[PDB]
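Single-structure report; data block below.
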Amino acid sequence: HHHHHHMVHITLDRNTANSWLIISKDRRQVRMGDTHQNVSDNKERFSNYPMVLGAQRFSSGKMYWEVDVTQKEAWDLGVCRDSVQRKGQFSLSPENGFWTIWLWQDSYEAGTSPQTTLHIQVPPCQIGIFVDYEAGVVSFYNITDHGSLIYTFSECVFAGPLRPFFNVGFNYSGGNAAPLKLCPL
Ligand SMILES: C[C@@H](O)c1cnn(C2CCCC2)c1
């Protein structure tokens with residue numbers, strides 16, 4: 001793909017983070033702590049899941065960023081509406097304001113309703129995410145496999161400002177402690 005020139009510098013918004021997350025000083029990395037991180041509660045924080053938003057809000061244009069997922073067993077990545085539900089249980093679907101893919105139990109799926117099986121021959125260590133606001137498109141690329149397409153959501157109805165979306169996953173297995181990292185331009 002040739003989306004690299006729409007690169008944006010994403011940073012994580014501490015105030016949205018689940019209270020078990022540890023965000024690095026540079027706000028470019030996040031990992032599961034395996035305990036409460038000694039922060040106050042607020043209405044922005046995702047309560048049920050180890051999720052956080054990027055600080056940046058997008059309402060126009062084309063945006064691209066990359067995320068490192070090396071050695072993780074489970075994660076969700078994509079974009080979401082600024083107005084998504086923060087408290088209680090919910091599914092990742094466009095109807096709920098999310099445009100995501102995930103890894104879970106050695107398989108990759110797109111967050112449609114119901115979910116869609118992805119076909120990945122080379123397990124990715126870094127994922128590229130492209131958003132074209134006007135076109136209603138969110139696309140995912142396998143940087144480890146020369147930038148091959150993973151999935152395209154089209155006819156998206158964003159219905160509001162968009163924010164980068166991250167889930168580091170639980171670490172019940174002791175095999176999923178590795179961070180999500182925003183990769184340099
Ligand atoms: C995501 C965070 O808010 C959360 C949800 N559940 N848990 C732990 C309670 C027992 C082990 C897992 C932590």
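Residue numbering restarts at 1 in every chain; chains get A, B, ... in the order shown in the structure tokens, and ligands count up from 1 in that same order.
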Mind running chain A against ligand 1 at 12 Å and telling me each contacting residue's nearest atom pair with the distance in Å (one decimal), counting only C-alpha atoms and all ligand atoms, chain and number ascending, as a Markdown table?
| residue | atom | partner | partner_atom_place_in_ligand_line | distance |
| --- | --- | --- | --- | --- |
| A:17 | CA | ligand 1 | 1 (C) | 9.7 |
| A:18 | CA | ligand 1 | 3 (O) | 6.0 |
| A:19 | CA | ligand 1 | 3 (O) | 6.3 |
| A:20 | CA | ligand 1 | 2 (C) | 5.8 |
| A:21 | CA | ligand 1 | 1 (C) | 8.2 |
| A:22 | CA | ligand 1 | 1 (C) | 11.9 |
| A:31 | CA | ligand 1 | 1 (C) | 11.4 |
| A:32 | CA | ligand 1 | 1 (C) | 8.5 |
| A:33 | CA | ligand 1 | 2 (C) | 9.5 |
| A:34 | CA | ligand 1 | 13 (C) | 7.8 |
| A:35 | CA | ligand 1 | 13 (C) | 7.3 |
| A:36 | CA | ligand 1 | 2 (C) | 8.0 |
| A:37 | CA | ligand 1 | 3 (O) | 10.5 |
| A:41 | CA | ligand 1 | 3 (O) | 11.1 |
| A:45 | CA | ligand 1 | 3 (O) | 9.5 |
| A:46 | CA | ligand 1 | 3 (O) | 7.7 |
| A:47 | CA | ligand 1 | 3 (O) | 5.3 |
| A:48 | CA | ligand 1 | 3 (O) | 4.9 |
| A:49 | CA | ligand 1 | 1 (C) | 4.0 |
| A:50 | CA | ligand 1 | 1 (C) | 4.3 |
| A:51 | CA | ligand 1 | 1 (C) | 7.7 |
| A:52 | CA | ligand 1 | 1 (C) | 10.7 |
| A:86 | CA | ligand 1 | 3 (O) | 11.4 |
| A:87 | CA | ligand 1 | 3 (O) | 10.2 |
| A:88 | CA | ligand 1 | 3 (O) | 10.3 |
| A:89 | CA | ligand 1 | 5 (C) | 10.9 |
| A:167 | CA | ligand 1 | 1 (C) | 9.7 |
| A:168 | CA | ligand 1 | 1 (C) | 9.7 |
| A:169 | CA | ligand 1 | 1 (C) | 8.3 |
| A:170 | CA | ligand 1 | 1 (C) | 7.1 |
| A:171 | CA | ligand 1 | 12 (C) | 8.3 |
| A:172 | CA | ligand 1 | 12 (C) | 7.4 |
| A:173 | CA | ligand 1 | 11 (C) | 11.2 |
| A:174 | CA | ligand 1 | 11 (C) | 12.0 |
**Q.** Nearby residues (only C-alpha atoms) at most 12 Å from range 10-15 of chain A, same-chain spacing under 6 positions excluded, as number ranges by chain
**A.** A: 21-31, 37, 39-46, 51-58, 63-67, 79, 86, 129, 163-167, 180-185
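For residue 161 in chain A, the list of residues within 9 Å, based on only C-alpha atoms and with local chain neighbours fewer than 2 positions off taken out, reads residues 57, 58, 59, 60, 80, 81, 82, 83, 158, 159 and 163 of chain A.
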Output for the residues just chosen: N, CA and C atoms as a PDB file, in the first residue's frame:
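Writing done, so here's selection-v5.pdb:
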ATOM      1  N   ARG A  57      -8.410  13.117  18.012  1.00  0.00           N
ATOM      2  CA  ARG A  57      -9.764  12.985  17.475  1.00  0.00           C
ATOM      3  C   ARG A  57      -9.736  13.334  15.980  1.00  0.00           C
ATOM      4  N   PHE A  58     -10.388  12.520  15.160  1.00  0.00           N
ATOM      5  CA  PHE A  58     -10.395  12.681  13.679  1.00  0.00           C
ATOM      6  C   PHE A  58     -11.832  12.831  13.208  1.00  0.00           C
ATOM      7  N   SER A  59     -12.125  13.903  12.460  1.00  0.00           N
ATOM      8  CA  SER A  59     -13.482  14.152  11.897  1.00  0.00           C
ATOM      9  C   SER A  59     -13.418  14.395  10.378  1.00  0.00           C
ATOM     10  N   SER A  60     -12.215  14.364   9.795  1.00  0.00           N
ATOM     11  CA  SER A  60     -11.981  14.530   8.339  1.00  0.00           C
ATOM     12  C   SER A  60     -10.687  13.824   7.932  1.00  0.00           C
ATOM     13  N   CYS A  80     -12.660   3.919  17.079  1.00  0.00           N
ATOM     14  CA  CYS A  80     -14.026   3.915  17.580  1.00  0.00           C
ATOM     15  C   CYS A  80     -14.549   5.340  17.640  1.00  0.00           C
ATOM     16  N   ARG A  81     -15.861   5.455  17.748  1.00  0.00           N
ATOM     17  CA  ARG A  81     -16.508   6.764  18.002  1.00  0.00           C
ATOM     18  C   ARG A  81     -16.017   7.332  19.330  1.00  0.00           C
ATOM     19  N   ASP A  82     -15.925   8.651  19.426  1.00  0.00           N
ATOM     20  CA  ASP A  82     -15.585   9.256  20.728  1.00  0.00           C
ATOM     21  C   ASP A  82     -16.670   8.902  21.749  1.00  0.00           C
ATOM     22  N   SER A  83     -17.925   8.680  21.357  1.00  0.00           N
ATOM     23  CA  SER A  83     -19.092   8.478  22.249  1.00  0.00           C
ATOM     24  C   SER A  83     -19.356   7.005  22.593  1.00  0.00           C
ATOM     25  N   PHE A 158     -19.564   6.512  10.533  1.00  0.00           N
ATOM     26  CA  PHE A 158     -18.770   6.892  11.725  1.00  0.00           C
ATOM     27  C   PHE A 158     -19.678   7.599  12.730  1.00  0.00           C
ATOM     28  N   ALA A 159     -20.461   8.553  12.234  1.00  0.00           N
ATOM     29  CA  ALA A 159     -21.522   9.204  13.030  1.00  0.00           C
ATOM     30  C   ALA A 159     -20.929  10.055  14.170  1.00  0.00           C
ATOM     31  N   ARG A 163     -11.613   8.079  17.422  1.00  0.00           N
ATOM     32  CA  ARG A 163     -10.404   7.954  18.244  1.00  0.00           C
ATOM     33  C   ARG A 163      -9.704   6.619  18.011  1.00  0.00           C
TER      34      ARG A 163
END
Using only C-alpha atoms, which residues sit within 12 Å of range 139-145 of chain A once same-chain residues fewer than 6 positions away are excluded, as a PDB file with C-alpha atoms, in the first residue's frame?
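Heads up, here's the output in out.pdb:
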ATOM      1  CA  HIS A   1       0.000   0.000   0.000  1.00  0.00           C
ATOM      2  CA  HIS A   2       0.955   3.728  -0.421  1.00  0.00           C
ATOM      3  CA  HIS A   3      -0.827   5.167   2.733  1.00  0.00           C
ATOM      4  CA  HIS A   4       2.479   5.827   4.660  1.00  0.00           C
ATOM      5  CA  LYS A  62      -6.903  10.371   5.774  1.00  0.00           C
ATOM      6  CA  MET A  63      -4.873   9.037   8.778  1.00  0.00           C
ATOM      7  CA  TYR A  64      -2.385   6.115   9.092  1.00  0.00           C
ATOM      8  CA  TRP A  65      -0.588   4.688  12.107  1.00  0.00           C
ATOM      9  CA  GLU A  66       1.249   1.435  13.090  1.00  0.00           C
ATOM     10  CA  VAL A  67       1.057  -0.696  16.236  1.00  0.00           C
ATOM     11  CA  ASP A  68       3.559  -3.351  17.443  1.00  0.00           C
ATOM     12  CA  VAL A  69       1.845  -6.551  18.777  1.00  0.00           C
ATOM     13  CA  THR A  70       5.030  -8.728  19.116  1.00  0.00           C
ATOM     14  CA  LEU A  77      -7.031  -2.750  17.572  1.00  0.00           C
ATOM     15  CA  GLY A  78      -8.767  -0.177  15.418  1.00  0.00           C
ATOM     16  CA  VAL A  79     -10.824   3.037  15.788  1.00  0.00           C
ATOM     17  CA  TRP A  99     -14.107  -0.729  13.624  1.00  0.00           C
ATOM     18  CA  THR A 100     -11.610  -3.316  14.949  1.00  0.00           C
ATOM     19  CA  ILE A 101      -9.747  -6.581  14.383  1.00  0.00           C
ATOM     20  CA  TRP A 102      -8.418  -8.949  17.011  1.00  0.00           C
ATOM     21  CA  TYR A 108      -7.567 -13.455  13.798  1.00  0.00           C
ATOM     22  CA  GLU A 109     -11.087 -11.995  13.298  1.00  0.00           C
ATOM     23  CA  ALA A 110     -12.688  -8.709  12.186  1.00  0.00           C
ATOM     24  CA  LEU A 118      -9.353 -13.329   8.703  1.00  0.00           C
ATOM     25  CA  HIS A 119      -6.889 -15.197   6.422  1.00  0.00           C
ATOM     26  CA  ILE A 120      -3.343 -14.447   7.659  1.00  0.00           C
ATOM     27  CA  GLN A 121      -0.441 -16.696   6.445  1.00  0.00           C
ATOM     28  CA  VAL A 122       2.310 -14.638   8.263  1.00  0.00           C
ATOM     29  CA  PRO A 123       1.387 -13.779  11.923  1.00  0.00           C
ATOM     30  CA  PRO A 124       1.883 -10.001  12.157  1.00  0.00           C
ATOM     31  CA  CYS A 125       4.347  -8.370  14.560  1.00  0.00           C
ATOM     32  CA  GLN A 126       3.154  -4.855  13.446  1.00  0.00           C
ATOM     33  CA  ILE A 127      -0.319  -3.766  12.150  1.00  0.00           C
ATOM     34  CA  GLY A 128      -0.964  -0.666   9.990  1.00  0.00           C
ATOM     35  CA  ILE A 129      -4.355   1.090  10.373  1.00  0.00           C
ATOM     36  CA  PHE A 130      -5.700   3.429   7.670  1.00  0.00           C
ATOM     37  CA  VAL A 131      -8.819   5.601   8.065  1.00  0.00           C
ATOM     38  CA  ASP A 132     -10.382   7.616   5.218  1.00  0.00           C
ATOM     39  CA  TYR A 133     -13.100   9.652   7.017  1.00  0.00           C
ATOM     40  CA  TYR A 151      -9.318  -6.388   6.201  1.00  0.00           C
ATOM     41  CA  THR A 152     -11.315  -3.388   4.878  1.00  0.00           C
ATOM     42  CA  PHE A 153     -14.466  -2.060   6.532  1.00  0.00           C
ATOM     43  CA  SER A 154     -16.306  -0.050   3.861  1.00  0.00           C
ATOM     44  CA  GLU A 155     -19.591   1.910   3.910  1.00  0.00           C
ATOM     45  CA  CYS A 156     -18.680   2.887   7.501  1.00  0.00           C
ATOM     46  CA  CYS A 183       5.800   2.463  16.147  1.00  0.00           C
TER      47      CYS A 183
END
Q: Would you mind writing down, as a ChimeraX atom specification, each residue of chain A that DSSP on the backbone assigns to strand (DSSP E or B)?
A: /A:7,12,21-23,29-32,51-54,58,62-68,75-81,98-104,107-110,116-117,126-132,137-142,148-153,162-167,180-182
(Q) Between A:134, A:84, A:73, A:38, which residue has the minimum interatomic distance to residue 16 in chain A, considering only C-alpha atoms? (A) A:84
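Straight-line separation from CA of residue 157 in chain A to CA of residue 75 in chain A: 23.8 Å.
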